[PDB]
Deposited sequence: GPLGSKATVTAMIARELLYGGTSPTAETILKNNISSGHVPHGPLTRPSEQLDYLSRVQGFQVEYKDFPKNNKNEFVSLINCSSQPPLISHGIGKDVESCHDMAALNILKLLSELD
């Protein structure tokens, strides 16, 4: 709305994560991948370190809940999961679990 409000929104986004989707929208044009989601973060880590990350999803259940498994290669494989109202949410939850495990948050 007002741009004191917009200024606060941008500042908060930067303080939280060092990026600002709001500023990006302001600056964006139609003329002319930080990685903010756990799934993206894990894809990047795997690319550098070389392990494979893949997801398996079950169809939406009768309560409209999605469930996914994530596999991150190793011996044995690290397998986690996520649930949620859409598949991408399941993926981010599952990837977050793997990132926390790999971070050795002992």
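J.: So, counting the deposited sequence from position 1, which segments are absent from the coordinates?
T.: Sequence ranges with no C-alpha atoms are 1-3, 36-41.
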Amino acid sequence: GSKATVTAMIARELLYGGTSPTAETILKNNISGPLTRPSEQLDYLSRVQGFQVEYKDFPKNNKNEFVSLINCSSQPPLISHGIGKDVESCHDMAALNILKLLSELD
From here on, numbers count along this sequence of modelled residues.
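J.: Can you let me know which of the two, 37-45 or 59-67, has the higher average C-alpha B-factor in the entry?
T.: Taking the mean C-alpha B-factor of 37-45 and of 59-67, the larger value falls to 59-67.
J.: Averaging C-alpha B-factors over each stretch, which comes out higher, 92-100 or 20-28?
T.: So the stretch with the higher mean C-alpha B-factor is 20-28.
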